[PDB]
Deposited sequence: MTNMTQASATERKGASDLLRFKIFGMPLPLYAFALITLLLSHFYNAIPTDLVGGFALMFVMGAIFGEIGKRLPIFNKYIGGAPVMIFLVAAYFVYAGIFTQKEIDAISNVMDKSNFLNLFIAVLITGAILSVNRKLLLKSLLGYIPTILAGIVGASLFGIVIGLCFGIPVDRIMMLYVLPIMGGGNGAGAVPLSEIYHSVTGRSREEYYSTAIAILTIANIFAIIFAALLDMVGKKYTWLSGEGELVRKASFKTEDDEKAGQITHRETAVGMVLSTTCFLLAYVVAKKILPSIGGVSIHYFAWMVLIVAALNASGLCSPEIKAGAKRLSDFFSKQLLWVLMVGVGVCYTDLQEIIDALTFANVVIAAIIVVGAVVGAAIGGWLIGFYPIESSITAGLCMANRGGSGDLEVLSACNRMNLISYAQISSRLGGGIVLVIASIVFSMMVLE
């Protein structure tokens, strides 16, 4: 009464005959057009589909190194499946339930931020942030100048370059970027929001792709020129030590802390402190500060801090490929890229991203940060689109541990862009 025994070769921990069973199930669901629009239905598809295009992206000879590898193959194959029509409407719905309705994206980011920040030493927190802010500024200045120089060459005035190209790309992505950008444009120029948003969303999305490619490239550069890489680390020589016994309970507390620290940040940002100075504070920017305060407070035992890291490790190593399926489906839209895929737009955007890379490399190097991780966090993770872009880039360069800096770039840096945007939109 035995069909088989386990084979040798594994796909996502699953030997071929076992993965076959899973794949067949997904094929049955597909052809019979039957899948629950749930976490169960979503995760079922996302796991199985993520598993196959992950192992392929991990083994594709030229692709794995200079393109982001496994997560980028998944990210692109899934985006293609939507564009082509290979996905059922309800398969799309199932993935959308997970990523947007259930908000697995926010859960994913919140778990990672909590694991990253609670794992660091208290004395190290405030100093990193103080050195990270001017590093962001250099990336903006770098992205601006490169976009202007490439702008005038194509016969593009300064305004169109800053308003339609630089700011959307360097802004906080979609919801907290192109959308409030679309407001200010309409709230000043008086034109339609759609004419700005449609252009902005298409431009920054192209730049997002380049930021993903460049991330994989900068990872290679850092192995070629070791002196430039922190090999994951951003701060020079930086990371209660008593790693006690660790139970499932302490890992569960990590999820308690991740969701609770988000909840507090949500309340503060939506009801208590929506804007400090002229700058608005996204709830993920508030969450970074809250987790930092929770670290500095001393309220978390090192076994609980270890639990938050262990959960963050489960997510980033076991649910990453699932997430990339959802991000490829929900936050790409290949058509909007192609409808704007003018090799004038491609060049301006790509150069602007390079401008952010160069500026942030220069900035952090002056600060005392590693040149490679400076251009990825304060450069690429500004020129990408929000948290979805942060997870694409950091997975492509295999630096998911830098999620907190990336979020400071996406949220706090994107809010800074908003201020600049309000000015540039006003004067001219």
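Chemist: Which segments of the deposited sequence lack C-alpha coordinates in the modelled structure, numbering from residue 1?
Modeler: Model skips 1-12, 252-256, 446-448 of the deposited chain.
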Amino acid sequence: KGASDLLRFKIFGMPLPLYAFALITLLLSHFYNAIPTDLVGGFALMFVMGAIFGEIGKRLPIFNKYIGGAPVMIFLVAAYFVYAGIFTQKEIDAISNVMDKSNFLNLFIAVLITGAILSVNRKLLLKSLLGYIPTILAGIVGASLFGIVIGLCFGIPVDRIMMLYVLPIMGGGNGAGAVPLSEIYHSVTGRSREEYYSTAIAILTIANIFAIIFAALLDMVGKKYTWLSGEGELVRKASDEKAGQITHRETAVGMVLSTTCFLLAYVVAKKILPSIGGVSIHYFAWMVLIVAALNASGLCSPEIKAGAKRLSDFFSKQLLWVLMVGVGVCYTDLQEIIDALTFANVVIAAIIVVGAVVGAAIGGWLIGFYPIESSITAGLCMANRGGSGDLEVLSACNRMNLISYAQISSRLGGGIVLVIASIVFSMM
From here on, numbers count along this sequence of modelled residues.
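Chemist: With reference to the PDB entry, specify whether the mean Cα temperature factor is higher for 174-182 or for 148-156.
Modeler: Per the deposited B-factors, the answer is 148-156.
Chemist: On average, which has the higher Cα B-factor in the deposited entry, 225-233 or 304-312?
Modeler: Mean CA B-factor is higher for 225-233.
Chemist: With respect to the C-alpha temperature factors reported in the PDB entry, which of 258, 297, 245, 318 ranks highest?
Modeler: Each of 258, 297, 245, 318 was compared by C-alpha B-factor; the highest is 245.
Chemist: Can you tell me which of 250, 219, 91, 333 has the maximum CA B-factor listed in the PDB entry?
Modeler: Answer, based on the entry's C-alpha B-factors: 333.
Chemist: Lowest, middle or highest third of the chain for the C-alpha temperature factor of residue 197?
Modeler: Ranked within chain, residue 197 CA B lands in the highest tercile.
Chemist: Ordered by C-alpha B-factor within the chain, which third holds residue 12? Give me lowest, middle or highest, please.
Modeler: It belongs to the middle third of the chain when residues are ordered by C-alpha B-factor.
Chemist: Going by the entry, which third of its chain does the Cα temperature factor of residue 131 land in?
Modeler: Residue 131: CA B-factor falls in the middle third of its chain.
Chemist: Where does residue 61 sit by CA temperature factor within its chain: lowest, middle or highest third?
Modeler: As the PDB entry reports it, the C-alpha B-factor of residue 61 lands in the highest third of its chain.
Chemist: Taking the entry's C-alpha B-factors for this chain, is residue 270 in the lowest, middle or highest third?
Modeler: Answer is middle: the recorded C-alpha B-factor places it there.
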